[PDB]
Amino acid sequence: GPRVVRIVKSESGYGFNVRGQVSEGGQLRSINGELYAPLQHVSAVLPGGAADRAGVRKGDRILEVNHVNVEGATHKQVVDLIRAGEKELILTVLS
């Protein structure tokens, strides 16, 4: 279900990986019995990093970043949004 996890920039970075569609796309898929446009997902986590300690799990699909709905967003949209934050990162993810 939806989970709002918070992670803080180490000077190393947030410490996972994000992977998802490059192009704009809205085709709906069934996830957990509900329909969603394509979602970016966590492709890797850094053991002993901010993401691992904070609670982000590999495979978690991202629904929001800093309260902004990224459902159906492009990879650059979410990445750029990730990098908009000064300090902190707030993610709403589905596990």
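The numbering used is simple: start at 1 and walk along the sequence shown.
Chemist: Test of understanding: from the entry's C-alpha B-factors, which stretch has the higher mean, 82-90 or 21-29?
Modeler: In the deposited entry, the stretch with the higher C-alpha B-factor mean is 82-90.
Chemist: For the C-alpha atoms alone, is the average B factor greater in 7-15 or in 67-75, going by the entry?
Modeler: So the stretch with the higher mean C-alpha B-factor is 7-15.
Chemist: Check the PDB entry and point out which of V42, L35, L39, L46 has the largest C-alpha temperature factor.
Modeler: Across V42, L35, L39, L46, the entry lists the biggest C-alpha B-factor for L46.
Chemist: Among all modelled residues of this chain, ranked by Cα B factor, put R53 in the bottom, middle or top third, i.e. lowest, middle or highest.
Modeler: Top third by C-alpha B-factor.
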